[PDB]
*Asks:* 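Below: one structure in structure tokens.
In the text below, chain A, chain B and the rest are named by the order of the sequence lines, each starting its count at 1.
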Amino acid sequence: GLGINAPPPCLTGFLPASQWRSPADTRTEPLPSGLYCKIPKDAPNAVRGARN
Amino acid sequence: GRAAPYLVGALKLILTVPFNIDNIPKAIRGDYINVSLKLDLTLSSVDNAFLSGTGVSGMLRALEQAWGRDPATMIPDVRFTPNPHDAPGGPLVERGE
Amino acid sequence: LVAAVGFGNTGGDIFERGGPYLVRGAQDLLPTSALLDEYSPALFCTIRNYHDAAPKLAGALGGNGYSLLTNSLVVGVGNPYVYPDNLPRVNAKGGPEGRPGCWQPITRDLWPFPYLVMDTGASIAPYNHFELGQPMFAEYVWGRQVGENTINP
Amino acid sequence: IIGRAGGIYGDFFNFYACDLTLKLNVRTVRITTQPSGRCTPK
Amino acid sequence: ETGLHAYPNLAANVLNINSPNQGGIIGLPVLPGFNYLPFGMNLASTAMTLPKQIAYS
Amino acid sequence: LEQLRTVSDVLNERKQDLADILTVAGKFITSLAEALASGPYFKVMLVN
């Protein structure tokens with residue numbers, strides 16, 4: 001889909017930026033628990049997320 | 001009981017759906033899904049993407065079809081292909097009763 | 001008589017421990033049994049179609065052996081989900097043509113799957129035409145965006 | 001595997017383009033490919 | 001519990017990303033990493049469906 | 001009863017795998033369905 005930042009991504013309630021893994025590492029790591037978009041039930045962004 | 005023979009074959013997909021369990025370990029190398037980007041800029045794809053539902057639907061679809069391109073290898077022309085809803089003979093559904 | 005004593009004690013203990021469980025399980029299974037019976041016509045066709053499509057979706061991932069083969073063409077995106085009206089619902093029911101079932105297998109003679117509209121709180125039915133994005137320009141500093149959010153594009 | 005690939009980093013999926021090639025007219029034009037690395041036949 | 005809770009919404013959302021006229025699924029390339037750009041644009045929404053294709057559950 | 005016996009045997013040998021499926025498929029389903037939520041599509045991050 002064309003268009004830049006129509007809804008922006010939410011990084012709140014997800015893994016921090018410093019914890020991202022380099023794309024070269026094909027090694028698997030245990031999946032974290034309780035990660036979802038934690039915006040205060042507002043704005044068009046992630047309206048139909050887990051919190052709703 | 002009718003769908004029992006296909007149950008094991010269906011299981012490969014009926015849970016994940018767009019993913020198939022057989023080839024996940026090699027396509028997805030952990031964090032990032034591998035994918036091949038075949039950007040389509042053909043006139044048929046440009047017609048279907050943008051000019052569908054307008055008055056310029058056949059502006060370039062017919063321009064490309066008049067060339068050497070054949071309708072078999074083109075994305076279907078939604079203006080005429082009768083989908084299971086409007087197809088002649090009533091709607092085309094299968095009901096297990 | 002002795003065997004009757006032993007069998008009576010054993011069976012009585014078993015039934016006392018596991019009779020209320022069976023009764024309340026058979027009581028709670030009525031709505032789910034009715035639900036499963038309602039959507040029987042979409043059972044054989046769904047399993048058959050997923051069985052047919054499993055090799056087709058597996059070939060995409062396994063043909064290269066290292067990636068997934070996708071055909072990409074640029075397109076326009078619909079308007080974002082609005083806050084109060086687009087919130088999720090779990091009231092979906094029915095099936096194609098108003099009754100549970102499946103569409104006839106999608107060949108290239110009938111390519112586009114008929115979009116099915118159901119109680120979900122979200123739909124893409126009204127995208128029949130080319131229109132400008134209603135929040136055409138947006139800013140993420142003071143939250144000021146041009147155009148009006150709508151459910152009626 | 002899939003869970004870690006999908007939504008750990010944010011509200012977005014994680015896609016990796018190892019080979020991007022353009023299709024236009026009906027010739028196919030190849031721009032980038034990755035011989036070895038995370039995408040090798042396996 | 002969480003599967004029964006959060007799968008119908010997943011099914012509904014993935015059924016809402018399928019454009020019948022163009023086939024397949026639609027995804028847009030977000031640009032994270034400041035977290036993102038202060039401004040955004042949504043130029044136009046092309047026809048995902050047609051009047052003759054809509055069916056009601 | 002005998003074919004149920006063999007089916008139940010192969011299922012009981014895989015009881016821990018069923019438990020693993022239920023455990024791990026319940027700890028990312030909310031996260032993976034998050035991408036679909038923002039609009040009528042899904043967000044994707046293209047590192048290339």
*Asks:* Against chain D, label B/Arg69 side chain, backbone, both or neither, depending on which of its atoms sit under 4.5 Å from a heavy atom there.
*Replies:* side chain
*Asks:* In Å and rounded to the nearest 0.5 Å, what is the OG1 to CG distance from D/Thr32 to B/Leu37?
*Replies:* 8.0 Å
*Asks:* Is there any residue in residues 39-51 of chain B with a non-hydrogen atom under 4.5 Å from a non-hydrogen atom of chain D, and which ones are they?
*Replies:* B/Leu39, B/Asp40, B/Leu41, B/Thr42, B/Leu43
*Asks:* Using only non-hydrogen atoms and a strict under-4.5 angstrom cutoff, which residues of residues 1-22 of chain B touch chain D?
*Replies:* B/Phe19
*Asks:* Among the options D/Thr40, D/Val29, D/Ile2, D/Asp19, pick out the one with the most heavy-atom pairs lying under 4.5 Å from chain B.
*Replies:* D/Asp19
*Asks:* Can you sort out the partners of B/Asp77 under side-chain contact (heavy atoms from CB on, under 4.5 Å), two or more places apart, ordered by chain and number?
*Replies:* B/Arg61, B/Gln65
*Asks:* Report yes if some heavy atom in the side chain of D/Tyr16 is under 4.5 Å from a heavy atom in the side chain of B/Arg29; otherwise report no.
*Replies:* no
*Asks:* Using a 4.5 Å heavy-atom cutoff, which residues in residues 81-97 of chain B come close to chain D?
*Replies:* none
*Asks:* Between D/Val26, D/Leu22, D/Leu20, D/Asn25, which has the largest tally of heavy atom pairs under 4.5 Å with chain B?
*Replies:* D/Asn25
*Asks:* Contact between B/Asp31 and D/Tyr9 at the side-chain level, heavy atoms closer than 4.5 Å - yes or no?
*Replies:* yes
*Asks:* With a 4.5 angstrom heavy-atom cut-off, is it the side chain or the backbone of D/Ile1 that approaches chain B, or both, or neither?
*Replies:* both
*Asks:* Do you know the tightest heavy-atom contact between D/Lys23 and B/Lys38?
*Replies:* CB-CD, 4.3 Å
